[PDB]
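Given next are two forms of a protein chain, the same chain in both, each as structure tokens and marked structure 1 or structure 2.
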Structure 1
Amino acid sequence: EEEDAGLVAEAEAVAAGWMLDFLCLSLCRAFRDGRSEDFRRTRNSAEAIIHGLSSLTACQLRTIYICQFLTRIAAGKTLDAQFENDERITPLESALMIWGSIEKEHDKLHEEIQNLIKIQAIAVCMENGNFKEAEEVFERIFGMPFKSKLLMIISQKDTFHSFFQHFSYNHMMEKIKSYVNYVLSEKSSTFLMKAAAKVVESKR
């Protein structure tokens, strides 16, 4: 009986890992497509399956990080959203922390997304008239030329500036979508999605 219970728990862990990969692929697709409601529902499903997983492989941690990163980016303009125990950390700052934690290549695209998130983390505060919060976000992020221009913009208390239109929220989203395309290609061959696709194709 105890041996059977042990084998059953192991089988549940295997199935949960397959569900995590499928839900990550679905979340990536909803993010890339801009399907907001599908993204919300898939986020709910991914969070629940994650709470049922105990021990994680390095790949499973990476998959969870990718899900957490996309969730924070989708909430980047929601300054009332608290993703960290420290209530001062804004959603884009939380996304930056995960982006720097993922075991992935630090290629040119990685650094471009990183710098666009840093700029937008300040921009979103400015756009809401939260000037003191923009200065606090600036101090945490940098804790020279790029930094100096940002501080000057914050000091000018301009709710809008040409610099943010050049390094825009849309530009950040498009660069992140380029990265999401690579994750989609890499996880499209995962077990559950492959099996489901074969069934759908078999009925054509």
Structure 2
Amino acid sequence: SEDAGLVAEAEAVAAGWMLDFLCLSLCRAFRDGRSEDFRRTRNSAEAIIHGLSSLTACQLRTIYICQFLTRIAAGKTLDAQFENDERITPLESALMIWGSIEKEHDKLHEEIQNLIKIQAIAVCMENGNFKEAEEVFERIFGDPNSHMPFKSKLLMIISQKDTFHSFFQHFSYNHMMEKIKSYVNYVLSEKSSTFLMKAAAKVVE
């Protein structure tokens, strides 16, 4: 039974099951705001991911989804460092991740992208970090002459150097979280039936 090949093939399969189960759990804790459960599941997800020796496209997407949720959960923590470049704030790191998944769902993707960009600037402005807002803006909106949705609105706001703006009340941190929770509901609909959870659910049903 201990044929190395067959064992290697089986362990890849089992690790995929564990990864999916842990992503499911991370998503639910995220949605529910179960902060301690989220931390535990995160530690487990991280270890399981570090243990992988191979990646299907589905596994890579699942890793991205876990990374995305951990950046978003830390979005107001301007001192948390998720990239080698210590300048990159957590919501900027979330944006970079988002730029690798769900592109084919273009309307929801654009909506979430825009809200993250808005709040990447808002969290700096509301902290009184006006210079950092300017630097974030430059990194996420590219060439100053390039045009992008909400860019000119955000430049006006940054230039006024006030910790409060009405625009950030409408496109708020809570509104961003709600759109992201909608995306999380979608991941849940797709993954709530994966092997490990479905098997566990019938044991306790």
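The first residue in the sequence of structure 1 is number 1, and each one after it adds one. Rigid core here is just the name for the largest C-alpha set that superposes within 1.5 Å across the two forms.
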Align on the rigid core first; then say whether the Cα of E186 has moved by at least 2 Å between the two structures. no
Does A195 show a Cα shift reaching 2 Å between the two structures after rigid-core superposition? no
What Cα shift, in Å, does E105 show between the two structures once the core is superposed? 2.1
Aligning on the rigid core, what is the distance the CA of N128 moves between the two structures, in angstrom? 1.0
